[PDB]
Amino acid sequence: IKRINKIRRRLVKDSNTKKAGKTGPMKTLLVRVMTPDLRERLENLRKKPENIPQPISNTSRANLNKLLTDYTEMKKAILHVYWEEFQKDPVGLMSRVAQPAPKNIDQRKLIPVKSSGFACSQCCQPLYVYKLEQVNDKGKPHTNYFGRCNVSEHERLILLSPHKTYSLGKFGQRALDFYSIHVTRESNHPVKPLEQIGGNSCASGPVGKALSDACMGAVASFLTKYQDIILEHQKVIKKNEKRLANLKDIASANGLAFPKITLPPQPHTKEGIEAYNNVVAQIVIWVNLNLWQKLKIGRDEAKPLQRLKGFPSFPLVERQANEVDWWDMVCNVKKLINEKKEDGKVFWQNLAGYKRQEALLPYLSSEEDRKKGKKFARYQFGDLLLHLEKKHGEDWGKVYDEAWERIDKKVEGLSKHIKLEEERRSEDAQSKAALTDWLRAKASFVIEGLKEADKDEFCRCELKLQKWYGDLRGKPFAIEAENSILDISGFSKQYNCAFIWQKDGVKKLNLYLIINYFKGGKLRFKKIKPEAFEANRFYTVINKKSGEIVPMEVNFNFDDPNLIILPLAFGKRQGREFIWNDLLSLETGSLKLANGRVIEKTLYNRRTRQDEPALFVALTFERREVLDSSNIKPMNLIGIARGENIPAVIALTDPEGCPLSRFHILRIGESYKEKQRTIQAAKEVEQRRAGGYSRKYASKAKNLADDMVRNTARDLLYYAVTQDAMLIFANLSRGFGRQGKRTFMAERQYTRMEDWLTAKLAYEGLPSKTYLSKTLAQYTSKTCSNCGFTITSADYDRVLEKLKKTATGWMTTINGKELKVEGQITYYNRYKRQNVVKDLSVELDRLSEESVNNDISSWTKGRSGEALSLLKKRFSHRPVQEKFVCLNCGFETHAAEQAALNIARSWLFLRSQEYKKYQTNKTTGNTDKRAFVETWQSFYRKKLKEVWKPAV
DNA sequence: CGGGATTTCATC
RNA sequence: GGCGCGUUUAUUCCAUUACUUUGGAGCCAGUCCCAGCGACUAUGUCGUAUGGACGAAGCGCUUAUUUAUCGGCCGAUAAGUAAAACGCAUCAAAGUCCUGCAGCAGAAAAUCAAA
DNA sequence: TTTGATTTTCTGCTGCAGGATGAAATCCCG
């Protein structure tokens with residue numbers, strides 16, 4: 001059958017196994033700790049078993065909770081202190097936390113800097129730079145840089161990176177010796193969480209050696225982010241200089257007096273970031289007000305200034321908690337609107353004749369916003385004002401009052417609903433967002449009364465209300481639940497934690513987990529002989545740096561008021577993988593338990609119908625013996641064709657490009673798109689009935705898509721294994737994916753399918769390249785198999801130029817092929833939001849009615865571009881995302897199967913001596929892709945003539 | 001003078 | 001989608017240890033009860049079960065409490081209450097986790113000194 | 001998105017960093 005575990009069994013039997021290197025492929029077993037509610041669930045089976053194991057003792061729970069609280073508080077205190085230090089001195093901190101090179105390089109330094117880049121915070125002295133040229137694995141010389149000082153105490157190996165003027169390049173979690181500062185009593189630093197928070201009731205060693213990493217990792221990450229952003233800030237400022245200069249030139253071309261507001265330079269505080277971003281936003285608003293719409297100048301003509309993004313915030317401390325409070329900001333908005341209500345009332349009541357229509361231009365929605373079931377608050381506010389104007393005439397004095405009454409009623413109702421929801425147990429972010437939109441529209445309309453009288457006051461009010469609107473939209477999802485972690489830096493005797501089993505019979509084992517992190521607790525680890533096992537006793541093993549295993553015996557008391565005892569709860573497959581695996585067992589050392597965690601996160605309990613915290617044990621198992629890249633030989637190929645109606649059509653072929661029948665065409669996940677469409681229809685119905693859907697449809701589409709992806713991946717892997725085959729994908733940059741107007745991150749699955757197969761082959765120890773491959777996606781999906789011709793836009797330009805009218809009508813040719821200029825093309829106009837069908841010949845006649853003799857090249861370049869767009873939309877080789885049409889010969893068959901075969905044939909093409917000759921020609925400085933296109937077309941035609949006979 | 005830690009130092 | 005239920009997800013031995021999910025299948029989706037949308041015939045009604053709250057989600061086999069058709073209390077046939085040997089719809093899959101920041105995937109409003 | 005012209009709009013939750021541990025010298029203890 002098709003089981004992933006049978007595939008893994010064959011893979012294990014397919015080749016020899018060898019022990020893992022310095023670090024093995026990490027894998028986490030996430031089990032759940034036996035709890036009283038777990039036992040309650042277990043007791044209610046129809047076929048009740050003989051023995052129900054005991055739950056976890058209450059003392060263990062209390063001790064674990066106290067330990068988690070202490071660890072969290074210690075981490076918070078340490079990060080707070082180091083945030084204060086950073087807020088005092090950035091340079092010294094980021095110089096200290098720089099990760100030194102390993103204290104093992106005894107290579108002789110040869111070339112110092114031909115100097116004053118940074119300074120060691122210990123001596124505040126400049127760090128000399130030294131280079132070192134060596135020979136790498138593949139023959140490319142590499143240049144490294146290191147920092148050493150005149151002080152023997154400061155003779156470290158701080159990393160330096162070149163630029164074209166130097167940077168650190170590394171930030172570690174163990175560079176700064178955290179132990180000697182806040183734990184040991186000899187140091188007199190005023191911060192000592194162990195002596196202060198825990199009251200000398202917690203063990204020093206393990207807790208400190210965990211806190212060190214648990215804080216310095218985050219510190220190093222933030223320092224890396226900031227030290228990387230510091231250079232891009234300067235470069236972005238430099239680019240903005242030229243962009244502003246060009247914009248000023250364009251503005252002065254029309255004789256426009258540019259406002260005297262200048263760009264703040266690259267700052268190093270977030271206040272400067274905010275000021276520069278506000279200046280940029282105001283400049284963009286002014287340009288949109290005066291140039292984009294007034295002059296009908298498009299966006300290509302205006303390269304704008306850039307806002308500042310990418311400046312990080314300090315971990316766990318600069319995470320804003322929104323202390324300004326939601327209701328306080330709402331009341332501030334109310335007060336500001338009430339103060340500025342008179343200004344808007346006077347402006348609208350005392351409006352001129354024709355100025356009334358232009359005053360309401362932003363308030364009225366166009367077809368684009370109206371057709372999509374719902375409009376922004378500004379649009380509906382304008383429509384309500386239009387209704388009031390229709391109902392009560394031009395009496396805007398009372399119209400404003402009635403509109404204020406309606407908006408105030410809606411605001412009060414929304415506020416009451418929000419308070420009622422948020423008081424007891426619930427929260428309504430949708431209502432908050434709607435109320436915020438209403439308040440924003442009301443504030444805009446109210447303060448629009450000062451658009452031409454008091455410019456600065458109006459702008460200040462606008463900025464304040466906009467930032468208040470942003471804060472009111474952002475604050476509600478601040479969350480209240482955070483994970484709690486309890487690290488175990490390693491599994492050795494010192495750390496006083498171990499995994500134990502009961503030697504029942506020959507192989508059966510009971511499972512207990514013991515935590516010893518308190519002073520006064522008793523836990524004895526006794527070394528024993530290899531086969532001294534006895535019943536009612538716990539036994540375990542230990543790992544060693546030299547590859548030795550030294551099993552030991554555990555003895556303790558179940559009523560100890562200090563230690564923590566954990567019974568587990570898991571399933572057969574998990575036990576066969578980690579706990580009681582048959583082939584790779586922890587006794588031999590093939591499977592190793594390196595580190596674990598006591599993660600406590602909220603999970604849904606169906607018995608209580610609620611989400612409650614549930615202790616997990618993220619036992620990270622490092623597979624110490626993996627497969628060897630010694631017996632693997634791809635051969636057969638499985639060309640995967642992507643699409644929507646058919647999730648995947650796969651074509652089999654040999655390593656001669658000759659397809660063979662062993663199943664030849666297989667389709668997996670049929671009608672699943674119909675289920676996706678049904679789910680989408682239900683969601684759209686729920687939106688039409690309220691504007692949103694519930695949590696039942698939260699991930700139905702996502703879950704179905706992921707299930708389809710994983711099932712298809714399993715099927716592909718089984719086919720590859722059973723046929724000794726390989727899979728063909730494309731070479732796409734990281735982050736590849738389509739983003740239209742309604743795209744979701746879950747459709748970036750081609751790369752994610754590659755990644756899933758990569759991870760699955762990676763836990764077994766082999767890279768993705770063994771059975772997963774990529775094709776150079778240059779013109780791969782743009783080729784047909786009947787003519788060997790790949791369409792380019794130069795041919796489109798030639799077709800546009802050649803377009804003329806003969807006795808039978810318009811005529812144009814591609815590669816000498818006469819094309820009947822006839823037929824109708826359908827387009828989806830966003831202004832109409834419907835289907836409009838136009839005739840190519842009729843539109844050409846209409847466009848040429850302004851010219852003589854139908855010479856398109858004699859028209860304006862805009863008319864030629866429009867004719868080019870018409871010809872391209874008529875002669876597009878990809879009319880639909882799921883349809884391909886051959887422009888040259890139009891051989892007729894099932895398109896998807898032919899495309900599936902052609903994908904594999906293209907991947908085969910992406911290795912040839914023709915490509916070698918193309919590379920040699922490209923070494924002549926002719927960096928043109930047209931040579932590649934010609935070579936690929938010629939090679940494909942030659943191969944079609946020789947062995948790749950098209951369908952007969 | 002070993003139990004028995006106990007911490008402290010240290011380190012890809 | 002709401003409720004339940006277990007199956008298989010290991011080649012001779014490694015829990016029929018249950019966890020975290022998705023499917024197949026079995027049953028059930030009504031109550032403006034409160035609040036978002038159109039007409040707004042105006043802050044009034046209707047509808048679109050939308051967001052939450054509210055019930056909602058098998059059958060028989062084996063063992064005792066609810067009766068006499070029979071002779072001067074014996075079982076004749078069956079209810080549900082319980083246990084549980086239990087049989088059917090009911091049969092299939094996969095898992096590698098943490099901390100921090102917030103950010104990365106676009107295109108249609110879009111033409112000029114339009115190279 | 002895939003040949004030359006481009007950039008403020010409305011959508012939605014993942015994309016980049018940091019990783020997954022034994023000697024040494026002491027101490028409480030006489």
# chains A, B, ... in the order shown; residues from 1 in each chain; ligands from 1
call {"tool": "interface_residues", "arguments": {"of": "chain C", "to": "chain A", "cutoff": "9 Å", "atoms": "only C-alpha atoms (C1' of nucleotides)", "output": "ChimeraX atom specification"}}
result
/C:1,9-10,14-15,17-20,22-23,35-37,43,48-51,84,93-94,96-112,114
call {"tool": "write_last_selection", "arguments": {"atoms": "C-alpha atoms (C1' of nucleotides)", "output": "PDB file, in the first residue's frame"}}
result
ATOM      1  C1'   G C   1     -20.116  23.006  10.159  1.00  0.00           C
ATOM      2  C1'   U C   9      -2.107   3.643   9.939  1.00  0.00           C
ATOM      3  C1'   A C  10       4.885  -2.237  12.125  1.00  0.00           C
ATOM      4  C1'   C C  14       7.380  -3.485  20.763  1.00  0.00           C
ATOM      5  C1'   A C  15       1.171  -1.920  24.863  1.00  0.00           C
ATOM      6  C1'   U C  17      -0.919   3.897  25.929  1.00  0.00           C
ATOM      7  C1'   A C  18      -5.059   6.383  25.305  1.00  0.00           C
ATOM      8  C1'   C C  19      -1.858  12.000  22.946  1.00  0.00           C
ATOM      9  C1'   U C  20      -2.293  16.470  17.798  1.00  0.00           C
ATOM     10  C1'   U C  22      -7.396  15.561   8.697  1.00  0.00           C
ATOM     11  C1'   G C  23     -10.492  12.347   5.849  1.00  0.00           C
ATOM     12  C1'   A C  35     -25.886  42.868  17.117  1.00  0.00           C
ATOM     13  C1'   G C  36     -23.857  43.846  11.751  1.00  0.00           C
ATOM     14  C1'   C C  37     -26.513  44.521   5.062  1.00  0.00           C
ATOM     15  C1'   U C  43     -33.482  55.969  13.493  1.00  0.00           C
ATOM     16  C1'   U C  48     -30.990  37.117   3.686  1.00  0.00           C
ATOM     17  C1'   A C  49     -29.268  31.846  10.463  1.00  0.00           C
ATOM     18  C1'   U C  50     -24.690  35.709   9.268  1.00  0.00           C
ATOM     19  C1'   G C  51     -21.505  36.762  14.829  1.00  0.00           C
ATOM     20  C1'   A C  84     -20.604  -6.598  29.793  1.00  0.00           C
ATOM     21  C1'   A C  93      -4.009   8.760   6.816  1.00  0.00           C
ATOM     22  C1'   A C  94       0.310  12.294   8.996  1.00  0.00           C
ATOM     23  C1'   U C  96       9.888  18.957  14.383  1.00  0.00           C
ATOM     24  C1'   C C  97       9.487  22.107  18.058  1.00  0.00           C
ATOM     25  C1'   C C  98      11.159  27.287  20.832  1.00  0.00           C
ATOM     26  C1'   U C  99      12.388  32.513  21.665  1.00  0.00           C
ATOM     27  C1'   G C 100      12.546  37.724  19.286  1.00  0.00           C
ATOM     28  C1'   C C 101      11.255  41.355  15.929  1.00  0.00           C
ATOM     29  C1'   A C 102       7.777  42.614  13.319  1.00  0.00           C
ATOM     30  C1'   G C 103       7.920  41.998   8.285  1.00  0.00           C
ATOM     31  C1'   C C 104       7.425  39.835   2.804  1.00  0.00           C
ATOM     32  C1'   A C 105       4.529  37.983  -1.388  1.00  0.00           C
ATOM     33  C1'   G C 106       2.011  42.531  -5.077  1.00  0.00           C
ATOM     34  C1'   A C 107      -1.617  45.671  -9.465  1.00  0.00           C
ATOM     35  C1'   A C 108      -5.051  46.953 -11.641  1.00  0.00           C
ATOM     36  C1'   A C 109      -6.162  54.334 -10.129  1.00  0.00           C
ATOM     37  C1'   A C 110      -1.434  55.270 -14.006  1.00  0.00           C
ATOM     38  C1'   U C 111       0.185  59.169 -18.588  1.00  0.00           C
ATOM     39  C1'   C C 112       5.087  62.756 -19.260  1.00  0.00           C
ATOM     40  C1'   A C 114       7.038  59.453 -23.119  1.00  0.00           C
TER      41        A C 114
END
call {"tool": "residues_around", "arguments": {"residues": "residue 306 of chain A", "least_positions_apart": "2", "cutoff": "7 Å", "atoms": "only C-alpha atoms (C1' of nucleotides)", "output": "mmCIF file with C-alpha atoms, in the first residue's frame"}}
result
data_model
loop_
_atom_site.group_PDB
_atom_site.id
_atom_site.type_symbol
_atom_site.label_atom_id
_atom_site.label_comp_id
_atom_site.auth_asym_id
_atom_site.auth_seq_id
_atom_site.Cartn_x
_atom_site.Cartn_y
_atom_site.Cartn_z
ATOM 1 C CA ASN A 240 16.062 59.560 -1.095
ATOM 2 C CA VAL A 280 7.487 61.428 3.773
ATOM 3 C CA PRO A 304 8.765 58.775 -4.296
ATOM 4 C CA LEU A 308 11.688 53.992 7.186
#
call {"tool": "closest_residue", "arguments": {"among": "A:555, A:793, A:680, A:320", "to": "chain D", "atoms": "only C-alpha atoms (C1' of nucleotides)"}}
result
A:793
call {"tool": "interface_residues", "arguments": {"of": "chain D", "to": "chain A", "cutoff": "10 Å", "atoms": "only C-alpha atoms (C1' of nucleotides)", "output": "PyMOL selection string"}}
result
chain D and resi 1-3+5-8+10-22
call {"tool": "select_by_dssp", "arguments": {"residues": "segment 638-793 of chain A", "states": "helix (DSSP H, G or I)", "output": "VMD selection string"}}
result
chain A and resid 672 to 690 700 to 723 745 to 747 750 to 763 768 to 770 793
call {"tool": "closest_atom_pairs", "arguments": {"of": "chain A", "to": "chain B", "cutoff": "12 Å", "atoms": "only C-alpha atoms (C1' of nucleotides)", "output": "CSV"}}
result
residue,atom,partner,partner_atom,distance
A:22,CA,B:12,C1',9.5
A:23,CA,B:12,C1',10.2
A:99,CA,B:12,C1',11.7
A:100,CA,B:11,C1',11.0
A:101,CA,B:12,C1',9.7
A:102,CA,B:12,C1',7.3
A:103,CA,B:11,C1',8.4
A:104,CA,B:11,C1',10.5
A:172,CA,B:12,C1',10.8
A:173,CA,B:11,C1',11.1
A:174,CA,B:11,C1',8.0
A:175,CA,B:11,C1',9.5
A:176,CA,B:10,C1',11.7
A:177,CA,B:10,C1',9.2
A:178,CA,B:9,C1',11.3
A:179,CA,B:8,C1',8.1
A:180,CA,B:8,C1',8.1
A:181,CA,B:8,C1',11.6
A:183,CA,B:7,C1',9.8
A:184,CA,B:8,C1',7.9
A:185,CA,B:7,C1',10.2
A:186,CA,B:8,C1',10.8
A:203,CA,B:6,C1',9.0
A:204,CA,B:7,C1',7.1
A:205,CA,B:7,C1',6.3
A:206,CA,B:7,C1',10.0
A:207,CA,B:7,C1',11.6
A:208,CA,B:7,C1',10.4
A:209,CA,B:8,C1',10.6
A:493,CA,B:5,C1',11.0
A:494,CA,B:5,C1',9.3
A:495,CA,B:6,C1',11.7
A:496,CA,B:5,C1',11.5
A:519,CA,B:6,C1',10.8
A:520,CA,B:5,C1',11.6
A:522,CA,B:4,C1',11.6
A:523,CA,B:4,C1',11.7
A:524,CA,B:4,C1',10.5
A:525,CA,B:4,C1',11.7
call {"tool": "write_last_selection", "arguments": {"atoms": "C-alpha atoms", "output": "mmCIF file, in the first residue's frame"}}
result
data_model
loop_
_atom_site.group_PDB
_atom_site.id
_atom_site.type_symbol
_atom_site.label_atom_id
_atom_site.label_comp_id
_atom_site.auth_asym_id
_atom_site.auth_seq_id
_atom_site.Cartn_x
_atom_site.Cartn_y
_atom_site.Cartn_z
ATOM 1 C CA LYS A 22 28.693 16.610 15.249
ATOM 2 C CA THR A 23 24.985 17.514 15.287
ATOM 3 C CA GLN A 99 30.566 36.813 19.345
ATOM 4 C CA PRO A 100 34.303 36.039 19.400
ATOM 5 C CA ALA A 101 35.708 33.326 17.196
ATOM 6 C CA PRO A 102 36.340 29.926 18.814
ATOM 7 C CA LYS A 103 39.414 29.903 21.031
ATOM 8 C CA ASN A 104 41.049 27.331 18.746
ATOM 9 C CA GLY A 172 26.268 34.884 19.950
ATOM 10 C CA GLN A 173 24.373 33.744 23.023
ATOM 11 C CA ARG A 174 27.528 32.888 25.008
ATOM 12 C CA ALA A 175 29.895 35.750 24.123
ATOM 13 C CA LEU A 176 28.943 37.781 27.206
ATOM 14 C CA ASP A 177 29.701 35.743 30.331
ATOM 15 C CA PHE A 178 26.299 36.016 31.990
ATOM 16 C CA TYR A 179 27.178 33.590 34.793
ATOM 17 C CA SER A 180 29.808 35.776 36.472
ATOM 18 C CA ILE A 181 27.433 38.758 36.800
ATOM 19 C CA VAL A 183 24.348 34.463 39.819
ATOM 20 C CA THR A 184 27.655 34.018 41.652
ATOM 21 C CA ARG A 185 27.775 35.791 45.012
ATOM 22 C CA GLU A 186 31.313 37.160 44.559
ATOM 23 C CA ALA A 203 19.525 25.454 42.307
ATOM 24 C CA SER A 204 22.164 27.779 40.880
ATOM 25 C CA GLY A 205 23.942 25.750 38.207
ATOM 26 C CA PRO A 206 21.270 24.456 35.822
ATOM 27 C CA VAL A 207 18.974 27.477 36.155
ATOM 28 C CA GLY A 208 21.790 29.933 35.460
ATOM 29 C CA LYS A 209 23.224 27.919 32.580
ATOM 30 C CA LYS A 493 23.808 14.116 36.070
ATOM 31 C CA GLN A 494 24.528 17.752 36.972
ATOM 32 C CA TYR A 495 21.284 19.083 35.474
ATOM 33 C CA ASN A 496 19.345 16.619 37.685
ATOM 34 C CA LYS A 519 17.460 22.705 47.057
ATOM 35 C CA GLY A 520 16.733 19.887 49.488
ATOM 36 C CA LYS A 522 16.683 13.952 46.868
ATOM 37 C CA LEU A 523 17.380 12.040 43.652
ATOM 38 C CA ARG A 524 20.004 9.292 43.425
ATOM 39 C CA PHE A 525 21.612 8.078 40.200
#
call {"tool": "atom_distance", "arguments": {"atom1": "atom CA of residue 242 of chain A", "atom2": "atom CA of residue 459 of chain A"}}
result
27.0 Å
call {"tool": "select_by_dssp", "arguments": {"residues": "segment 72-145 of chain A", "states": "strand (DSSP E or B)", "output": "mmCIF file with C-alpha atoms, in the first residue's frame"}}
result
data_model
loop_
_atom_site.group_PDB
_atom_site.id
_atom_site.type_symbol
_atom_site.label_atom_id
_atom_site.label_comp_id
_atom_site.auth_asym_id
_atom_site.auth_seq_id
_atom_site.Cartn_x
_atom_site.Cartn_y
_atom_site.Cartn_z
ATOM 1 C CA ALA A 98 29.870 40.526 19.593
ATOM 2 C CA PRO A 100 34.303 36.039 19.400
ATOM 3 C CA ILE A 111 48.476 40.950 7.394
ATOM 4 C CA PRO A 112 47.078 43.603 9.772
ATOM 5 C CA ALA A 119 36.436 49.770 20.469
ATOM 6 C CA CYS A 120 36.483 47.068 23.139
ATOM 7 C CA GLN A 125 40.646 51.215 22.672
ATOM 8 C CA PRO A 126 40.475 50.867 18.872
ATOM 9 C CA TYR A 128 43.010 46.493 14.890
ATOM 10 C CA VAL A 129 41.822 44.598 11.823
ATOM 11 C CA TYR A 130 43.630 41.574 10.377
ATOM 12 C CA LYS A 131 42.996 39.649 7.161
ATOM 13 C CA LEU A 132 43.679 36.033 6.225
ATOM 14 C CA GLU A 133 43.531 34.488 2.745
ATOM 15 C CA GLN A 134 43.128 30.706 2.631
ATOM 16 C CA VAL A 135 41.912 27.911 0.354
ATOM 17 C CA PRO A 141 39.958 32.235 -2.045
ATOM 18 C CA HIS A 142 38.132 33.801 0.885
ATOM 19 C CA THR A 143 39.049 36.818 3.010
ATOM 20 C CA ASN A 144 38.206 36.925 6.714
ATOM 21 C CA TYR A 145 38.715 39.714 9.241
#
call {"tool": "residues_around", "arguments": {"residues": "segment 463-474 of chain A", "least_positions_apart": "3", "cutoff": "8 Å", "atoms": "only C-alpha atoms (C1' of nucleotides)", "output": "list in words"}}
result
residues 326, 329, 330, 333, 432, 433, 436, 437, 439, 440, 443, 459, 460, 477 and 478 of chain A
call {"tool": "write_last_selection", "arguments": {"atoms": "N, CA and C atoms", "output": "tab-separated table (two decimals), in the first residue's frame"}}
result
chain	number	residue	atom	x	y	z
A	326	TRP	N	-7.50	51.88	25.19
A	326	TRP	CA	-8.41	52.04	24.06
A	326	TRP	C	-9.47	53.09	24.35
A	329	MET	N	-8.29	56.74	24.35
A	329	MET	CA	-8.13	57.29	23.00
A	329	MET	C	-9.48	57.56	22.35
A	330	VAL	N	-10.47	56.69	22.59
A	330	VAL	CA	-11.80	56.93	22.05
A	330	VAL	C	-12.37	58.23	22.61
A	333	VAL	N	-10.68	61.14	20.95
A	333	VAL	CA	-11.26	61.37	19.63
A	333	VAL	C	-12.59	62.10	19.75
A	432	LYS	N	-14.94	46.63	17.05
A	432	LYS	CA	-13.99	47.70	17.33
A	432	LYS	C	-13.47	48.32	16.04
A	433	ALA	N	-13.14	47.49	15.04
A	433	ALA	CA	-12.66	48.01	13.77
A	433	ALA	C	-13.73	48.83	13.06
A	436	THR	N	-14.05	52.10	14.84
A	436	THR	CA	-12.90	52.93	14.53
A	436	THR	C	-13.02	53.55	13.15
A	437	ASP	N	-13.52	52.79	12.18
A	437	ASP	CA	-13.75	53.34	10.84
A	437	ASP	C	-14.80	54.44	10.88
A	439	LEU	N	-15.55	56.36	13.46
A	439	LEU	CA	-14.95	57.52	14.11
A	439	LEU	C	-13.98	58.24	13.18
A	440	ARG	N	-13.20	57.48	12.40
A	440	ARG	CA	-12.27	58.10	11.46
A	440	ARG	C	-13.02	58.91	10.40
A	443	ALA	N	-14.47	62.04	12.08
A	443	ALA	CA	-13.43	63.02	12.36
A	443	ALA	C	-12.96	63.71	11.09
A	459	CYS	N	-3.82	70.24	9.67
A	459	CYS	CA	-2.87	69.15	9.49
A	459	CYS	C	-2.54	68.47	10.82
A	460	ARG	N	-2.38	69.27	11.88
A	460	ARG	CA	-2.10	68.71	13.19
A	460	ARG	C	-3.27	67.86	13.69
A	477	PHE	N	-6.05	43.48	19.32
A	477	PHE	CA	-5.41	42.16	19.28
A	477	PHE	C	-4.04	42.19	19.94
A	478	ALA	N	-3.99	42.64	21.19
A	478	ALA	CA	-2.73	42.65	21.93
A	478	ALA	C	-2.46	41.30	22.59
call {"tool": "atom_distance", "arguments": {"atom1": "atom CA of residue 290 of chain A", "atom2": "atom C1' of residue 4 of chain D"}}
result
28.4 Å
